[PDB]
Every structure is written in C-alpha cells, then in structure tokens.
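We begin with a single chain expressed as structure tokens, specifically the form deposited in one PDB entry.
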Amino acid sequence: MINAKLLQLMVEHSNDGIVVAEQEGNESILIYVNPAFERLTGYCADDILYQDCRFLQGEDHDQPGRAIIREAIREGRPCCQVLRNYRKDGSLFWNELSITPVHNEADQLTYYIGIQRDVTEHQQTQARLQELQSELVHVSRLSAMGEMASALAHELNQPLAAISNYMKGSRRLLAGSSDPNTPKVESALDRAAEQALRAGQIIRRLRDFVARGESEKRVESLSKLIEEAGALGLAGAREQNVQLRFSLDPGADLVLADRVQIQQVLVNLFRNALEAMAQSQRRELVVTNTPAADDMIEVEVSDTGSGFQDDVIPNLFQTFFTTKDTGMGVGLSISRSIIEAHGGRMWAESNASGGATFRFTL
C-alpha cells in the first residue's frame, strides 16, 4: 500500500482539520488531532485531548446539527453537518464536520474519523446574498406599485376631469331654465358630482400611499454594487456562456446613489440583456465607466443581443411598452426615473454588433 508512517506525516501536515476519536458510551473522546485543527480551534492539543468535542459549541447548545450527529453516531452511519463553534478567544466560526464511524476489529472498539473545514466565509457570503435578495424584492415591489399607480392616476385623471367638466357644463346649461324637472335633475347631478370628487381624492390617496417609499442617497462604491448586481442578475451567464468584461476606473468609483436603486437598475439591464441574447452568435456583456462631461461619469452596458427594430427604439423608456411575452415594460421607465432623479441622463442606441448599448450618467 503506502508507508504507514508517511501517511501519518501527510495527515499531520494537512491544511484541513483531521481528528480521531473513540466511543465511550455517550462520549466521543478525542485521541488524535492535527495542527490544522489547532490553528482552526485556537486550542492546544494537550488541553483538549481525551475529551468530547461538545465543548466547541460553548453556550450555544440548541443547534439541530447536534441532535442529527447524535442520532447518526448512535446508528453508526457517517454524516456531514455544519455547526456554530467558538474558539478559545471567543470568536465565532462555522465548522463543516464530516464524521465517519469505523469499527477497529484489532481492538473491537468503535472509533470515529472527523474532517473539519472552516466555512465561515461561505456562510457569510450566503447571508450577504440572501440580504441582497430580500432588499431587491422589496424595492422592486415598491417601484412596481409606484409606476402602476402613477400610470393609473394619469390615465384616469383624463376621463374623471372630463366627467366633472360635463357636469359643470350640463349644470350651466340647465341653470338657464325654469322647468319643473330641472331642480330634481339638477340635484341628481350634484350627487353624481359629489361621488365624482371622491374618486379623484381616492386616486391621490392611493397615489400617496405608493409614494411613501424613501428617496435617500448616499456615497456608494461603483465596484461593489457592480459585483452585487452581477451576483444577482447574471444567473444565466454560466449556462449561456456570457463573456463578462468590467472596464473600471479606480479613481472614479464613488457616486451619490442609493445602492439598492442602482442594483435594481443594473439587475433590470442584466435581465434584459440575457433575455434578449437567447439567439446570439456572440454573447459578450461589457460594463465600462468613463468620464463623460461636466464633472459627470458615464456607465455603459453593451450586449450583442437581438436588438431593436427601427420602430421600437424611441419607445423604450415609455411606461408599459414591451416586446417580451412575459415582460411588463416598467423596468426601463423606473430605471430612467431613478437615473434622472440622481441628476443624470439615461439613453439607449443600437450597437454595431446588432445588439444594444445602454448608457447612464452619475
């Protein structure tokens, strides 16, 4: 096979944590650890040997991985779990633990071999991603409701005002009369007019119910929010072989923006480019920042997608104009309103590759 002592050496000098324990009733006493386990746990070998690892949980006793591992050890099946542990210094970390029970026949004794890895970075990144998910969902819901309400307010402000004007006109016409049915009819109009007024107020009410979304701005790094937005919006990039190119300038990264609003602008651009790029020979998405003019900096996002026929391009930012069967046509309108609220100007043009290049300034 392999020189056993060399195997001991290789196990001792590994970077991943390796432990050997022995079964004693309800205890799993440690009989061997490697220096990687020392650096990971922050304890010395002589302090911890011939105890059970339960102490690594500290005061955090009620974790399900504990019961899962207890049952797996009882039944004798190997298992993989994640637990919350604390080192000697008291710092928290997450431990990926893979236990394999083995029955040594030479001793007729049950032992366990445990592989441990420090997965704190992975869990932290997962938490950041889920936080991004929650806030992206919330602000997308807000922007959708707001644009729907504003469009309804306009499209109903026209006929409602028309109705009120017809009421005023008919009343003015009937005022020049003395017939018996005129008063009654007149009163009737008033009732209708009364209701009419309410409708308008109601609209504004619901309108101001959707406009209570906060409009703050803060100093934000463009690099960070570009990475967060790529992490969110670029699901299909791996599967659809999308070539990413970030042409960034480190001296011009900080803009005054709400990071979630810029995230949703970029998310919308990414979703649109990947959806458009379903049938494209070249699949390359480039994001670039450049100085543009008058102390403002321009961000460009270019794709090689299906592009726009000539009749479509000047209708892009209009609310509810859509090309996709499953679209809604509010993404670009909301994005443009966000960019303009930030003091910039956003526009689009066809690219030489037959796809599309979008630009905005901050």
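Heads up, when I say rigid core I mean the largest set of C-alphas that superpose within 1.5 Å between the two forms. So that there is no doubt, residue numbering starts at 1 and follows the sequence shown.
Look at the mean CA B-factor for 297-305 and for 55-63 in the entry; the higher one is 297-305. Two stretches are in play, 313-321 and 65-73, and the higher mean C-alpha B-factor belongs to 313-321. The PDB entry gives the largest Cα B-factor of the residues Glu121, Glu155, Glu275, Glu147 to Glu275. Per the PDB entry, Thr182 shows the highest C-alpha temperature factor of the residues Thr182, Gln133, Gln116, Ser140. Sort the modelled residues of the chain by CA B factor and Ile339 lands in the middle third.
Looking at the C-alpha B-factors along this chain, the one for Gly25 belongs to the middle third. Per-chain ranking of the deposited C-alpha B factor places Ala356 in the highest third.
Split the chain's modelled residues into thirds by C-alpha temperature factor. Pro250 is in the highest one. Compared with the other modelled residues of the chain, the Cα B-factor recorded for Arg204 ranks in the middle third.
What follows is about the form deposited in another entry, which we do not show.
Only one entry in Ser170, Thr288, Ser98, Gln240 has its C-alpha moved by 2 angstroms or more between this form and the one not shown when the rigid core is superposed, and that entry is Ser170. Residue displacement note: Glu131 has its CA displaced by under 2 Å between this form and the one not shown (rigid core superposed). Once both forms are fitted on their core, the CA shift for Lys224 between this form and the one not shown remains under 2 Å. Once the rigid core is overlaid between this form and the one not shown, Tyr43 counts among the residues whose Cα shifts by 2 Å or more.
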